[PDB]
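Everything in the sequence shown is counted per PDB author numbering, starting at 17 for the first residue and increasing by one.
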Amino acid sequence: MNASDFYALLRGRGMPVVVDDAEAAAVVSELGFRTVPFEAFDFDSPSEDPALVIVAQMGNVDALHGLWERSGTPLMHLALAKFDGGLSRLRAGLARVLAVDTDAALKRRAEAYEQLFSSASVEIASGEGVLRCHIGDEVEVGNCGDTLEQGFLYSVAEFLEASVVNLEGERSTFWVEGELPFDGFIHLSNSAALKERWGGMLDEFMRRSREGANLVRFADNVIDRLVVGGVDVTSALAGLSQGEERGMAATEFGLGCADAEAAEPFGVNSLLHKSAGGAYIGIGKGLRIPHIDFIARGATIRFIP
């Protein structure tokens with residue numbers, strides 16, 4: 017089945033919503049959905065009927081990932097626990113998911129991937145800055161399709177963005193250089209340990225980013241300057257990044273393909289922040305460095321053949 021039909025069934029309350037928290041379940045029930053506890057949903061039996069999985073407790077993220085290639089149901093998920101599991105993020109996140117024009121987003125995403133596959137480089141203009149993303153001959157993408165294949169899981173945000181990833185190597189697909197003034201950032205952690213080591217500092221950066229004057233600069237694919245709230249914080253980030261994963265190397269670049277209806281303000285850690293236009297550049301893998309995306313919501317994009 018198609019992503020477009022999935023989003024249509026979701027807006028029509030035509031599928032169950034699997035939830036791992038009773039308070040979140042009550043919020044989802046108030047929006048008109050049938051809710052099923054996470055431990056109670058039959059993920060095994062083959063089924064053509066889809067479901068949305070909302071994961072608000074970090075303790076269930078390993079179980080969510082374990083559904084990969086095992087689930088009998090077409091699924092998307094909203095893994096709030098990896099970002100910020102609070103109820104306000106659930107309410108706002110669901111408002112955004114139910115408001116976005118997903119058909120237009122899927123068309124823009126298709127066109128963007130074809131551009132990313134046919135370009136030597138991409139220029140991202142944000143204020144006075146220009147970030148250049150040089151794309152290689154073999155382009156790695158997390159997901160360029162429009163369908164939900166059996167056993168695969170997808171974040172609800174996946175079909176609203178077009179992204180290329182340095183999956184195999186530090187620059188197996190692209191490398192970046194230049195400056196990106198940005199509106200805000202988000203950060204994804206796949207474990208409680210990681211979120212505890214990094215969250216205090218990143219939430220402080222998040223707080224300070226609301227005062228604008230945010231800039232990330234890349235040299236030879238690696239951050240060499242980070243400014244948040246007009247304050248250089250490069251050494252803070254480098255201190256925790258030291259010796260982990262690929263340090264401050266760019267791991268992902270992408271374009272937000274959706275409208276901005278009910279989009280949330282920067283300064284909260286919403287997994288939907290990349291989708292509402294512009295472009296973003298990311299570091300980390302979410303394993304020993306959070307996957308951090310610096311987002312320029314109003315950036316303009318030029319593809320170079």
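Ideal Cβ positions, reconstructed from N, Cα and C, are used throughout, including at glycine.
Can you list, in chain order, the residues of its chain whose CB lies under 6 angstroms from that of residue i, leaving out five sequence neighbours each side?
i: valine 172; result: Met92, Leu94, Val113
i: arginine 318; result: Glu139
i: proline 90; result: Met17, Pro66, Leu164
i: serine 142; result: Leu196, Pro197, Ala312, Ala315
i: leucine 218; result: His203
i: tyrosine 129; result: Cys160, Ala178
What's the C-alpha gap between residue i and residue j?
i: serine 45; j: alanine 24; result: 18 angstroms
i: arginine 224; j: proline 62; result: 47 angstroms
i: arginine 313; j: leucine 288; result: 12 angstroms
i: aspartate 199; j: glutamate 220; result: 15 angstroms
i: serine 291; j: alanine 56; result: 31 angstroms
i: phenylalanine 201; j: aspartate 240; result: 17 angstroms
i: residue 6; j: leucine 68; result: There is simply no residue 6 to check, as the chain begins at 17 and stops at 321 in what is shown.
i: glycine 270; j: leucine 96; result: 20 angstroms
i: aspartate 21; j: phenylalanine 59; result: 20 angstroms
i: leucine 253; j: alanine 115; result: 35 angstroms
i: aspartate 309; j: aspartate 248; result: 18 angstroms
i: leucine 210; j: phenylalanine 282; result: 22 angstroms
Counting C-beta neighbours from all protein chains within 10 Å, is the total for residue i 16 or more, i.e. buried, or is it exposed?
i: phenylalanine 54; result: buried
i: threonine 118; result: buried
i: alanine 42; result: exposed
i: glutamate 212; result: exposed
i: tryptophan 214; result: buried
i: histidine 81; result: exposed
i: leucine 183; result: exposed
i: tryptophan 191; result: buried
i: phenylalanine 234; result: buried
i: residue 1; result: With the chain running from 17 to 321 in the structure shown, residue 1 is simply not present.
i: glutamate 154; result: exposed
Return the chain-ordered list of same chain residues with a C-beta closer than 7 angstroms to the C-beta of residue i, the five sequence neighbours on each side being excluded.
i: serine 137; result: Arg148, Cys149, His150, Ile151, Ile320
i: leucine 122; result: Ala19, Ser20, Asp162, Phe175
Assuming residue i contacts residue j under a Cβ cut-off of 8 angstroms, what Cβ separation, rounded to an integer in Å, is found between them?
i: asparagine 285; j: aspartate 100; result: 4 angstroms
i: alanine 111; j: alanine 72; result: 16 angstroms between Cβ atoms; not a contact.
i: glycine 294; j: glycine 272; result: 5 angstroms
So, for residue i: in the same chain, excluding its five sequence neighbours on each side, which residues have a beta-carbon less than 8 angstroms away from its beta-carbon?
i: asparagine 76; result: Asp36, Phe54, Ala97
Those runs of the beta strand (DSSP E) which lie wholly inside the segment 255–281 and span at least 3 residues: 266–272
Length-filtered (3 minimum) beta strand (DSSP E) runs lying within the segment 106–150: 137–142
Length-filtered (4 minimum) alpha helix (DSSP H) runs lying within the segment 44–84: 77–82
Complete alpha helix (DSSP H) runs within the segment 165–244 (minimum length 4 residues, chain order): 208–225
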